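A.B. asks: start_32.cif (mmCIF, C-alpha atoms) pasted underneath:
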```
data_final
#
loop_
_atom_site.group_PDB
_atom_site.id
_atom_site.type_symbol
_atom_site.label_atom_id
_atom_site.label_comp_id
_atom_site.auth_asym_id
_atom_site.auth_seq_id
_atom_site.Cartn_x
_atom_site.Cartn_y
_atom_site.Cartn_z
ATOM 1 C CA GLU J 391 0.000 0.000 0.000
ATOM 2 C CA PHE J 392 3.087 2.225 0.078
ATOM 3 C CA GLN J 393 2.831 3.040 -3.635
ATOM 4 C CA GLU J 394 -0.773 4.249 -3.387
ATOM 5 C CA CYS J 395 0.135 6.393 -0.371
ATOM 6 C CA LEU J 396 2.521 8.312 -2.635
ATOM 7 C CA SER J 397 0.209 8.383 -5.664
ATOM 8 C CA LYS J 398 -2.578 9.854 -3.527
ATOM 9 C CA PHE J 399 -0.153 12.243 -1.805
ATOM 10 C CA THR J 400 1.130 13.544 -5.165
ATOM 11 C CA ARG J 401 -2.303 13.607 -6.825
ATOM 12 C CA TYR J 402 -2.575 17.397 -6.435
ATOM 13 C CA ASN J 403 0.163 20.017 -6.671
ATOM 14 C CA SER J 404 -1.604 23.361 -7.222
ATOM 15 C CA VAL J 405 -4.741 25.364 -6.459
ATOM 16 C CA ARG J 406 -6.768 27.649 -8.734
ATOM 17 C CA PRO J 407 -9.316 30.109 -7.286
ATOM 18 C CA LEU J 408 -12.636 30.121 -9.130
ATOM 19 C CA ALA J 409 -14.542 32.783 -7.169
ATOM 20 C CA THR J 410 -14.150 35.340 -4.392
ATOM 21 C CA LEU J 411 -16.978 36.677 -2.224
ATOM 22 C CA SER J 412 -17.294 38.560 1.058
ATOM 23 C CA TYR J 413 -19.472 37.513 3.987
ATOM 24 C CA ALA J 414 -19.959 41.229 4.719
ATOM 25 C CA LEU J 417 -20.197 46.220 7.167
ATOM 26 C CA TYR J 418 -19.004 49.115 9.350
ATOM 27 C CA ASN J 419 -15.655 47.284 9.660
ATOM 28 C CA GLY J 420 -17.339 44.947 12.143
ATOM 29 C CA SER J 421 -16.351 41.347 12.713
ATOM 30 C CA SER J 422 -17.254 39.138 9.747
ATOM 31 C CA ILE J 423 -15.746 35.792 10.751
ATOM 32 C CA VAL J 424 -17.339 32.924 8.830
ATOM 33 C CA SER J 425 -17.972 29.966 11.139
ATOM 34 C CA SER J 426 -19.709 27.445 8.865
ATOM 35 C CA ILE J 427 -19.931 26.480 5.186
ATOM 36 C CA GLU J 428 -22.106 23.647 3.867
ATOM 37 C CA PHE J 429 -23.547 22.503 0.534
ATOM 38 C CA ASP J 430 -27.070 21.246 -0.025
ATOM 39 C CA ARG J 431 -27.686 17.599 -0.904
ATOM 40 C CA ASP J 432 -27.141 18.109 -4.645
ATOM 41 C CA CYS J 433 -24.289 20.636 -4.206
ATOM 42 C CA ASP J 434 -26.247 23.149 -6.298
ATOM 43 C CA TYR J 435 -26.228 25.643 -3.417
ATOM 44 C CA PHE J 436 -23.953 26.361 -0.489
ATOM 45 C CA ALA J 437 -24.749 28.312 2.654
ATOM 46 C CA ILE J 438 -22.524 30.541 4.773
ATOM 47 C CA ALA J 439 -23.014 31.717 8.349
ATOM 48 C CA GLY J 440 -21.038 33.517 11.023
ATOM 49 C CA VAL J 441 -20.879 36.332 13.563
ATOM 50 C CA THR J 442 -23.040 38.770 11.567
ATOM 51 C CA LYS J 443 -26.084 36.635 12.546
ATOM 52 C CA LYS J 444 -26.974 36.010 8.877
ATOM 53 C CA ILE J 445 -27.264 32.828 6.817
ATOM 54 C CA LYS J 446 -26.496 33.575 3.160
ATOM 55 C CA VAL J 447 -27.353 31.033 0.452
ATOM 56 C CA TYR J 448 -25.561 31.164 -2.907
ATOM 57 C CA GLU J 449 -26.131 29.308 -6.168
ATOM 58 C CA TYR J 450 -22.822 27.588 -6.891
ATOM 59 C CA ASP J 451 -22.988 27.788 -10.691
ATOM 60 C CA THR J 452 -23.832 31.498 -10.477
ATOM 61 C CA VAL J 453 -20.879 32.224 -8.178
ATOM 62 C CA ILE J 454 -18.144 30.736 -10.384
ATOM 63 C CA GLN J 455 -19.361 32.798 -13.366
ATOM 64 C CA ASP J 456 -18.602 36.555 -13.266
ATOM 65 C CA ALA J 457 -16.944 38.876 -10.735
ATOM 66 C CA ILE J 460 -20.791 41.131 -7.907
ATOM 67 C CA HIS J 461 -22.169 38.234 -5.850
ATOM 68 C CA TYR J 462 -25.677 38.557 -4.418
ATOM 69 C CA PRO J 463 -27.059 35.587 -2.444
ATOM 70 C CA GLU J 464 -30.047 33.562 -3.569
ATOM 71 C CA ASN J 465 -31.611 34.023 -0.129
ATOM 72 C CA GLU J 466 -30.745 35.481 3.264
ATOM 73 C CA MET J 467 -31.944 34.541 6.749
ATOM 74 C CA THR J 468 -31.334 36.342 10.037
ATOM 75 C CA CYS J 469 -30.762 34.933 13.512
ATOM 76 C CA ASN J 470 -30.890 36.851 16.785
ATOM 77 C CA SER J 471 -27.303 35.939 17.744
ATOM 78 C CA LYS J 472 -24.013 34.747 16.296
ATOM 79 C CA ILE J 473 -24.354 31.532 14.290
ATOM 80 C CA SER J 474 -22.023 28.682 15.224
ATOM 81 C CA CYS J 475 -22.951 26.011 12.678
ATOM 82 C CA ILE J 476 -25.277 25.055 9.828
ATOM 83 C CA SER J 477 -26.220 21.736 8.241
ATOM 84 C CA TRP J 478 -28.278 20.759 5.189
ATOM 85 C CA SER J 479 -30.554 17.728 5.233
ATOM 86 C CA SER J 480 -29.433 14.807 3.077
ATOM 87 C CA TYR J 481 -33.116 13.949 2.455
ATOM 88 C CA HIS J 482 -34.972 17.244 1.914
ATOM 89 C CA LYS J 483 -33.231 19.599 -0.508
ATOM 90 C CA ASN J 484 -34.553 22.727 1.228
ATOM 91 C CA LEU J 485 -34.201 21.696 4.886
ATOM 92 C CA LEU J 486 -31.408 23.571 6.666
ATOM 93 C CA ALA J 487 -30.589 23.821 10.373
ATOM 94 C CA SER J 488 -28.692 26.511 12.273
ATOM 95 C CA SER J 489 -27.268 26.726 15.786
ATOM 96 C CA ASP J 490 -26.533 30.052 17.476
ATOM 97 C CA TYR J 491 -25.128 31.608 20.638
ATOM 98 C CA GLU J 492 -28.551 31.858 22.308
ATOM 99 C CA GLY J 493 -28.604 28.051 22.438
ATOM 100 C CA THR J 494 -31.207 27.902 19.663
ATOM 101 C CA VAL J 495 -31.455 25.241 16.968
ATOM 102 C CA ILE J 496 -33.658 26.449 14.096
ATOM 103 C CA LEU J 497 -34.923 24.449 11.122
ATOM 104 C CA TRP J 498 -35.181 26.620 8.006
ATOM 105 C CA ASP J 499 -36.462 26.435 4.490
ATOM 106 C CA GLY J 500 -33.332 27.678 2.742
ATOM 107 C CA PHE J 501 -35.224 29.378 -0.097
ATOM 108 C CA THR J 502 -38.306 30.850 1.616
ATOM 109 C CA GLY J 503 -36.693 31.679 4.965
ATOM 110 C CA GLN J 504 -39.634 30.072 6.769
ATOM 111 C CA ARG J 505 -38.873 28.482 10.140
ATOM 112 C CA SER J 506 -40.504 25.090 10.686
ATOM 113 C CA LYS J 507 -39.006 24.426 14.135
ATOM 114 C CA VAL J 508 -37.364 26.614 16.785
ATOM 115 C CA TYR J 509 -35.703 24.407 19.416
ATOM 116 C CA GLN J 510 -35.038 26.345 22.642
ATOM 117 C CA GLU J 511 -33.710 23.992 25.323
ATOM 118 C CA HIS J 512 -29.941 24.546 25.480
ATOM 119 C CA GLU J 513 -29.310 26.741 28.517
ATOM 120 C CA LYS J 514 -26.066 28.003 26.940
ATOM 121 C CA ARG J 515 -24.456 28.695 23.572
ATOM 122 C CA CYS J 516 -25.040 25.947 21.014
ATOM 123 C CA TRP J 517 -21.869 25.149 19.076
ATOM 124 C CA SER J 518 -22.913 22.530 16.550
ATOM 125 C CA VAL J 519 -25.827 20.949 14.694
ATOM 126 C CA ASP J 520 -25.848 17.941 12.378
ATOM 127 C CA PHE J 521 -28.563 16.032 10.541
ATOM 128 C CA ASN J 522 -28.680 12.264 10.832
ATOM 129 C CA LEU J 523 -27.422 10.883 7.524
ATOM 130 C CA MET J 524 -29.623 7.748 7.637
ATOM 131 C CA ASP J 525 -32.782 8.932 9.421
ATOM 132 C CA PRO J 526 -34.754 11.784 7.799
ATOM 133 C CA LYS J 527 -36.352 12.913 11.074
ATOM 134 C CA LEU J 528 -33.319 13.078 13.378
ATOM 135 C CA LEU J 529 -30.641 15.686 14.046
ATOM 136 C CA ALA J 530 -28.285 16.466 16.927
ATOM 137 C CA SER J 531 -26.749 19.517 18.587
ATOM 138 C CA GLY J 532 -24.118 20.229 21.220
ATOM 139 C CA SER J 533 -23.712 23.137 23.594
ATOM 140 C CA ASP J 534 -21.620 24.686 26.353
ATOM 141 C CA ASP J 535 -24.314 23.290 28.668
ATOM 142 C CA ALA J 536 -22.384 19.987 28.470
ATOM 143 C CA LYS J 537 -25.225 18.258 26.626
ATOM 144 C CA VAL J 538 -25.807 16.607 23.264
ATOM 145 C CA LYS J 539 -29.515 16.879 22.461
ATOM 146 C CA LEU J 540 -31.318 14.703 19.918
ATOM 147 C CA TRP J 541 -34.193 16.275 17.990
ATOM 148 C CA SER J 542 -36.917 14.958 15.696
ATOM 149 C CA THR J 543 -38.317 17.183 12.949
ATOM 150 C CA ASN J 544 -41.833 15.938 13.803
ATOM 151 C CA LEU J 545 -41.617 16.827 17.518
ATOM 152 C CA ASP J 546 -41.298 20.127 19.372
ATOM 153 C CA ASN J 547 -39.069 18.849 22.197
ATOM 154 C CA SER J 548 -35.838 16.870 22.212
ATOM 155 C CA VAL J 549 -36.222 13.087 22.158
ATOM 156 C CA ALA J 550 -32.998 12.326 24.063
ATOM 157 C CA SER J 551 -29.920 13.964 25.549
ATOM 158 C CA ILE J 552 -26.378 12.873 26.413
ATOM 159 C CA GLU J 553 -24.832 14.468 29.510
ATOM 160 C CA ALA J 554 -21.170 15.094 28.734
ATOM 161 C CA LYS J 555 -18.610 16.061 31.379
ATOM 162 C CA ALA J 556 -17.737 19.467 29.872
ATOM 163 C CA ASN J 557 -18.619 21.788 26.994
ATOM 164 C CA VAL J 558 -19.585 20.099 23.728
ATOM 165 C CA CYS J 559 -17.952 21.874 20.789
ATOM 166 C CA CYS J 560 -18.985 19.691 17.836
ATOM 167 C CA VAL J 561 -21.350 16.832 16.983
ATOM 168 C CA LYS J 562 -21.449 14.581 13.930
ATOM 169 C CA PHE J 563 -23.462 11.525 12.925
ATOM 170 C CA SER J 564 -21.721 8.557 11.364
ATOM 171 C CA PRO J 565 -22.161 8.294 7.571
ATOM 172 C CA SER J 566 -22.612 4.518 7.913
ATOM 173 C CA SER J 567 -25.144 4.178 10.752
ATOM 174 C CA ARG J 568 -28.264 6.026 11.863
ATOM 175 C CA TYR J 569 -27.368 5.161 15.489
ATOM 176 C CA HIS J 570 -23.700 6.255 15.680
ATOM 177 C CA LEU J 571 -22.559 9.747 16.658
ATOM 178 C CA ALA J 572 -19.313 11.398 17.751
ATOM 179 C CA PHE J 573 -18.758 14.707 19.509
ATOM 180 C CA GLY J 574 -15.763 16.750 20.609
ATOM 181 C CA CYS J 575 -15.635 17.915 24.203
ATOM 182 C CA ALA J 576 -13.794 20.492 26.293
ATOM 183 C CA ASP J 577 -12.348 17.561 28.260
ATOM 184 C CA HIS J 578 -9.903 17.245 25.308
ATOM 185 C CA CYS J 579 -11.510 13.979 24.116
ATOM 186 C CA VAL J 580 -13.655 12.730 21.252
ATOM 187 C CA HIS J 581 -16.644 10.735 22.509
ATOM 188 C CA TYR J 582 -18.279 8.054 20.357
ATOM 189 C CA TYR J 583 -21.805 6.926 21.201
ATOM 190 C CA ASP J 584 -24.598 4.576 20.175
ATOM 191 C CA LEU J 585 -27.788 6.538 20.827
ATOM 192 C CA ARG J 586 -29.593 3.306 21.754
ATOM 193 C CA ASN J 587 -27.699 3.477 25.061
ATOM 194 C CA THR J 588 -26.149 6.646 26.483
ATOM 195 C CA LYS J 589 -25.050 5.579 29.979
ATOM 196 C CA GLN J 590 -22.343 4.461 28.620
ATOM 197 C CA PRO J 591 -20.132 5.652 25.759
ATOM 198 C CA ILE J 592 -18.746 3.260 23.187
ATOM 199 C CA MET J 593 -15.326 4.926 23.162
ATOM 200 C CA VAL J 594 -13.569 8.015 24.501
ATOM 201 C CA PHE J 595 -10.585 9.024 22.365
ATOM 202 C CA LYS J 596 -7.676 10.478 24.357
ATOM 203 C CA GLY J 597 -4.632 12.328 23.061
ATOM 204 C CA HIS J 598 -5.468 15.989 22.543
ATOM 205 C CA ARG J 599 -4.128 18.497 25.073
ATOM 206 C CA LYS J 600 -6.874 21.099 24.494
ATOM 207 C CA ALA J 601 -10.598 21.189 23.772
ATOM 208 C CA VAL J 602 -11.631 19.301 20.634
ATOM 209 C CA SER J 603 -13.072 21.989 18.368
ATOM 210 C CA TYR J 604 -13.974 19.769 15.390
ATOM 211 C CA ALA J 605 -14.583 16.080 14.751
ATOM 212 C CA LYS J 606 -15.533 14.678 11.341
ATOM 213 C CA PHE J 607 -16.003 11.183 9.934
ATOM 214 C CA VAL J 608 -13.458 10.411 7.234
ATOM 215 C CA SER J 609 -15.522 7.222 6.864
ATOM 216 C CA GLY J 610 -17.556 4.846 8.972
ATOM 217 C CA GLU J 611 -14.220 3.465 10.208
ATOM 218 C CA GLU J 612 -12.148 6.617 10.788
ATOM 219 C CA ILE J 613 -12.634 9.903 12.647
ATOM 220 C CA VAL J 614 -10.482 13.018 12.281
ATOM 221 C CA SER J 615 -10.476 15.579 15.089
ATOM 222 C CA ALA J 616 -8.976 19.034 15.565
ATOM 223 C CA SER J 617 -7.939 20.854 18.727
ATOM 224 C CA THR J 618 -6.177 24.119 19.496
ATOM 225 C CA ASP J 619 -2.875 22.310 20.083
ATOM 226 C CA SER J 620 -1.932 22.765 16.399
ATOM 227 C CA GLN J 621 -2.780 19.090 15.917
ATOM 228 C CA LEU J 622 -5.168 17.046 13.821
ATOM 229 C CA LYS J 623 -5.570 13.419 14.891
ATOM 230 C CA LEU J 624 -6.858 10.473 12.863
ATOM 231 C CA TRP J 625 -8.687 7.800 14.860
ATOM 232 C CA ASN J 626 -10.107 4.360 14.172
ATOM 233 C CA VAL J 627 -13.521 3.648 15.699
ATOM 234 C CA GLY J 628 -12.034 0.675 17.540
ATOM 235 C CA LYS J 629 -8.675 1.949 18.807
ATOM 236 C CA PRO J 630 -8.685 4.327 21.821
ATOM 237 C CA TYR J 631 -5.407 6.010 20.781
ATOM 238 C CA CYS J 632 -4.914 7.909 17.559
ATOM 239 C CA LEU J 633 -3.517 6.377 14.374
ATOM 240 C CA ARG J 634 -1.619 9.489 13.287
ATOM 241 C CA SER J 635 -1.136 13.194 13.947
ATOM 242 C CA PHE J 636 -0.997 15.863 11.248
ATOM 243 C CA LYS J 637 1.277 18.881 11.600
ATOM 244 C CA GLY J 638 2.100 21.897 9.469
ATOM 245 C CA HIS J 639 -0.719 24.310 10.212
ATOM 246 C CA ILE J 640 -0.837 26.761 13.122
ATOM 247 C CA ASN J 641 -3.840 26.386 15.442
ATOM 248 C CA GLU J 642 -3.221 27.554 19.013
ATOM 249 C CA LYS J 643 -6.143 29.954 19.544
ATOM 250 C CA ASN J 644 -8.986 29.981 17.020
ATOM 251 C CA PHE J 645 -11.467 27.574 15.471
ATOM 252 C CA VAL J 646 -9.940 27.124 12.015
ATOM 253 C CA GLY J 647 -12.486 24.764 10.449
ATOM 254 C CA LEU J 648 -12.123 21.127 9.426
ATOM 255 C CA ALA J 649 -13.365 19.226 6.384
ATOM 256 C CA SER J 650 -12.779 15.735 4.996
ATOM 257 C CA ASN J 651 -13.626 14.269 1.584
ATOM 258 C CA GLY J 652 -12.698 10.618 1.113
ATOM 259 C CA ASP J 653 -8.950 10.350 1.719
ATOM 260 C CA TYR J 654 -8.122 14.070 2.017
ATOM 261 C CA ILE J 655 -8.352 16.401 5.016
ATOM 262 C CA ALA J 656 -8.441 20.203 4.964
ATOM 263 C CA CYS J 657 -8.157 22.634 7.864
ATOM 264 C CA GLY J 658 -7.502 26.325 8.353
ATOM 265 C CA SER J 659 -4.446 27.921 9.901
ATOM 266 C CA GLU J 660 -3.616 31.031 11.907
ATOM 267 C CA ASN J 661 -1.245 32.177 9.148
ATOM 268 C CA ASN J 662 -4.287 33.064 7.003
ATOM 269 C CA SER J 663 -3.891 29.894 4.945
ATOM 270 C CA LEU J 664 -5.604 26.597 4.188
ATOM 271 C CA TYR J 665 -3.765 23.293 4.616
ATOM 272 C CA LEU J 666 -4.530 20.036 2.804
ATOM 273 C CA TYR J 667 -3.475 16.600 4.054
ATOM 274 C CA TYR J 668 -3.691 13.028 2.836
ATOM 275 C CA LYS J 669 -5.082 11.032 5.746
ATOM 276 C CA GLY J 670 -2.369 8.369 5.376
ATOM 277 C CA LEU J 671 0.590 10.743 5.774
ATOM 278 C CA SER J 672 1.366 13.302 8.471
ATOM 279 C CA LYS J 673 3.027 15.878 6.204
ATOM 280 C CA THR J 674 1.275 18.766 4.484
ATOM 281 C CA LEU J 675 0.231 18.019 0.911
ATOM 282 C CA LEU J 676 -0.198 21.631 -0.229
ATOM 283 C CA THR J 677 -1.133 25.068 1.074
ATOM 284 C CA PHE J 678 -3.239 27.998 -0.106
ATOM 285 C CA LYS J 679 -2.534 31.461 1.302
ATOM 286 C CA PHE J 680 -5.352 34.000 1.433
ATOM 287 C CA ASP J 681 -4.522 37.567 0.514
ATOM 288 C CA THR J 682 -5.146 40.296 3.078
ATOM 289 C CA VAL J 683 -6.182 43.944 2.873
ATOM 290 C CA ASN J 697 -3.019 37.616 12.493
ATOM 291 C CA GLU J 698 -5.910 36.628 10.231
ATOM 292 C CA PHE J 699 -6.907 32.966 10.070
ATOM 293 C CA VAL J 700 -8.945 30.585 7.950
ATOM 294 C CA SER J 701 -12.125 29.877 9.902
ATOM 295 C CA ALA J 702 -14.203 27.435 7.827
ATOM 296 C CA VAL J 703 -13.817 24.892 5.037
ATOM 297 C CA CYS J 704 -16.194 22.580 3.192
ATOM 298 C CA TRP J 705 -15.777 20.019 0.424
ATOM 299 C CA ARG J 706 -18.137 20.138 -2.544
ATOM 300 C CA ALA J 707 -18.750 16.406 -2.147
ATOM 301 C CA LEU J 708 -20.462 15.944 -5.495
ATOM 302 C CA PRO J 709 -21.733 12.335 -5.332
ATOM 303 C CA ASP J 710 -20.295 10.327 -8.234
ATOM 304 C CA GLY J 711 -17.550 12.671 -9.333
ATOM 305 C CA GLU J 712 -14.151 14.164 -8.564
ATOM 306 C CA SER J 713 -14.082 16.174 -5.320
ATOM 307 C CA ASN J 714 -11.522 18.601 -6.732
ATOM 308 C CA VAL J 715 -13.175 21.766 -5.377
ATOM 309 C CA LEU J 716 -13.895 23.138 -1.919
ATOM 310 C CA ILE J 717 -14.837 26.449 -0.309
ATOM 311 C CA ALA J 718 -12.883 28.131 2.487
ATOM 312 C CA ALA J 719 -13.396 31.370 4.397
ATOM 313 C CA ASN J 720 -11.212 33.440 6.707
ATOM 314 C CA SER J 721 -11.610 35.754 9.685
ATOM 315 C CA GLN J 722 -11.860 38.801 7.396
ATOM 316 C CA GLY J 723 -15.054 37.380 5.880
ATOM 317 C CA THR J 724 -13.275 36.596 2.610
ATOM 318 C CA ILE J 725 -14.652 33.488 0.895
ATOM 319 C CA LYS J 726 -12.898 31.597 -1.897
ATOM 320 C CA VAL J 727 -13.968 28.663 -4.048
ATOM 321 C CA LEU J 728 -10.799 26.682 -4.746
ATOM 322 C CA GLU J 729 -10.071 24.034 -7.376
ATOM 323 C CA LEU J 730 -7.371 21.459 -6.639
ATOM 324 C CA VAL J 731 -5.236 21.142 -9.777
#
```
Show me, as C-alpha cells, the structure contained in the file I just sent.
C.D. replies:
Amino acid sequence: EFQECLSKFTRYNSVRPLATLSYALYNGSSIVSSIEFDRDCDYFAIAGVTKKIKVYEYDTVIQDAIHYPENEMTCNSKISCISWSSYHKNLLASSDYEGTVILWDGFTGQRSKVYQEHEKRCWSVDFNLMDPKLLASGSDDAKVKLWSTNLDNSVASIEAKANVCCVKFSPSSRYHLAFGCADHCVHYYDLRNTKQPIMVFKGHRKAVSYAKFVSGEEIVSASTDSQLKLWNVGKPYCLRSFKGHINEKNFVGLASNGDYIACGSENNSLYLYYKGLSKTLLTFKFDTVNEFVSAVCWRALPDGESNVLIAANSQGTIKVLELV
C-alpha cells in the first residue's frame, strides 16, 4: 500500500481560485464559522458572527466577478454552525449563541421548528445521515440533544462532562454519533444506550473543536494544540497526527472528503493533508487587505471528482478553490 500512499499524496500540486466573495459592514467582525452545501451541491450556505445565513447558487458564483445571495436569513445571535438535510433539498438547520437550533427552508426563509432547550451557547448541529427525522446539537451546557423534525421537544440527551464543541453523525449508521468535548476527548456513542459511551478518544491536550467522519471506520479531530488526529472507531489512541498548520487559539475549520483532510491555519492559509501521511500536501494562502482561515467545506459531489472546496477566513473573505 506504500505506492498508493505516494500516488494519492502527489495527486494534487496546485490550487486555482474560481470565485471570491465577502461575507460582509461598518468594519465589524465578519468571521465565517460554517460552510455547507445542499444535498445536490447546487447551493452552499454561509453563516457567522453577523447573525446572517447567506445562500448562494454555486454555478452562479463561479461565473462573473458582484455576488448577491439567492436568499438570506437572520438569527438573533451569532451563528455557530449550519447543516443541510441529506433527504430534503430545502431543509437547513442553524445553531446560534442563544442556544437555539432552528430548522429553516433555505429558499423561503420560513422556520418550521425553533428548538429552545440549550441553557447556553449551542456550538454545533448535524442532521442524521440515515434517518430523515433526526438531528443532533451540542452546547456549552455539556449536553448533546437529539431532535426529531416531527416533535417540538428533544427526544434524548447525552450528559457530557464538559462543553460540547462539535457533533457529527456517522455516515454509515443512523445510530452512531461522535462529539468533541472540552475535556480534550472525542466521545463516540450509540444513541440506543447513552449511559455508557462506546469509546472516549484520548490524546489531545486542548478542547476538541472539530470532529468529522473520514468514513464509517475513521474519525479526524482538531484541537487548538496545532494538531489534527486520525482515529479508528475501535482503537482508543490515535492512528496518526498531522502537523504543518498553526492552530493555538482559534477555530480554524475542518473538512474531509474521502482520503483528504483540509483545515484552516492562523497564518491566514488553508492546509490540505492526505489522511495516510502526516506531512502537508499543499497550502493555499489567502490575501489580506493575524488573520486565520475559519471554515472549510468540500463540494462532495456524489459520483464525481471532489476537486473543489470552499474556504473562508476571519476577514469574511470566501474563496472557491479548485485542486489542480
A.B. asks: Translate the PyMOL selection byres ((chain J and resi 419-422) around 9) into a concrete residue list for this structure, as a list in words.
C.D. replies: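 Output from the PyMOL selection byres ((chain J and resi 419-422) around 9), applied to this file: residues 412, 413, 414, 417, 418, 423, 424, 440, 441, 442, 720, 721, 722, 723 and 724 of chain J.
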A.B. asks: What does the file look like for those residues with C-alpha atoms, as a PDB file, in the coordinates of the input?
C.D. replies:
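The result, stored in again.pdb:
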```
ATOM      1  CA  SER J 412     -17.294  38.560   1.058  1.00  0.00           C
ATOM      2  CA  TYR J 413     -19.472  37.513   3.987  1.00  0.00           C
ATOM      3  CA  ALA J 414     -19.959  41.229   4.719  1.00  0.00           C
ATOM      4  CA  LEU J 417     -20.197  46.220   7.167  1.00  0.00           C
ATOM      5  CA  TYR J 418     -19.004  49.115   9.350  1.00  0.00           C
ATOM      6  CA  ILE J 423     -15.746  35.792  10.751  1.00  0.00           C
ATOM      7  CA  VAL J 424     -17.339  32.924   8.830  1.00  0.00           C
ATOM      8  CA  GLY J 440     -21.038  33.517  11.023  1.00  0.00           C
ATOM      9  CA  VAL J 441     -20.879  36.332  13.563  1.00  0.00           C
ATOM     10  CA  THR J 442     -23.040  38.770  11.567  1.00  0.00           C
ATOM     11  CA  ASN J 720     -11.212  33.440   6.707  1.00  0.00           C
ATOM     12  CA  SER J 721     -11.610  35.754   9.685  1.00  0.00           C
ATOM     13  CA  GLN J 722     -11.860  38.801   7.396  1.00  0.00           C
ATOM     14  CA  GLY J 723     -15.054  37.380   5.880  1.00  0.00           C
ATOM     15  CA  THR J 724     -13.275  36.596   2.610  1.00  0.00           C
TER      16      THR J 724
END
```
A.B. asks: List, as a PyMOL selection string, every residue that the PyMOL selection byres ((chain J and resi 576) around 9) selects in the file provided.
C.D. replies: chain J and resi 534+536+555-559+574-575+577-579+600-603
A.B. asks: So which one's closest to residue J:454, J:411, J:433, J:540, J:427? Using all atoms listed in the file, please.
C.D. replies: J:411
A.B. asks: Pull out every residue that the PyMOL selection byres ((chain J and resi 702-708) around 8) matches in the shown coordinates and put them as JSON, numbers by chain.
C.D. replies: {"J": [424, 425, 426, 427, 428, 429, 432, 433, 646, 647, 648, 649, 650, 651, 656, 657, 658, 700, 701, 709, 710, 711, 712, 713, 714, 715, 716, 717, 718, 719, 720]}
A.B. asks: Skip residue J:662 itself and residues of its chain fewer than 4 positions away, then list as a list in words all residues within 6 Å of it, counting all atoms listed in the file.
C.D. replies: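 With the cut-off at 6 Å, the set is residues 680, 698, 699 and 700 of chain J.
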A.B. asks: I'd like the neighbourhood of residue J:466 as a PyMOL selection string, where a residue qualifies if any of its atoms comes within 8 Å (using only C-alpha atoms), though same-chain residues fewer than 2 positions away should be ignored.
C.D. replies: chain J and resi 444-447+463-464+468+503
A.B. asks: List the spatial neighbours of residue J:629 as a list in words - criterion: any atom at most 10 Å away, only C-alpha atoms, same-chain residues fewer than 5 positions off excluded.
C.D. replies: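 Close residues of residue J:629: residues 593, 594, 595 and 612 of chain J.
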A.B. asks: Write the residues you've just listed into a file as a PDB file, keeping the file's coordinate frame, and include C-alpha atoms for each of them.
C.D. replies:
```
ATOM      1  CA  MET J 593     -15.326   4.926  23.162  1.00  0.00           C
ATOM      2  CA  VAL J 594     -13.569   8.015  24.501  1.00  0.00           C
ATOM      3  CA  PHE J 595     -10.585   9.024  22.365  1.00  0.00           C
ATOM      4  CA  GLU J 612     -12.148   6.617  10.788  1.00  0.00           C
TER       5      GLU J 612
END
```
A.B. asks: If I take atom CA of residue J:548 and atom CA of residue J:504, how far is one from the other in Å, to one decimal?
C.D. replies: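 So the answer is 20.7 Å.
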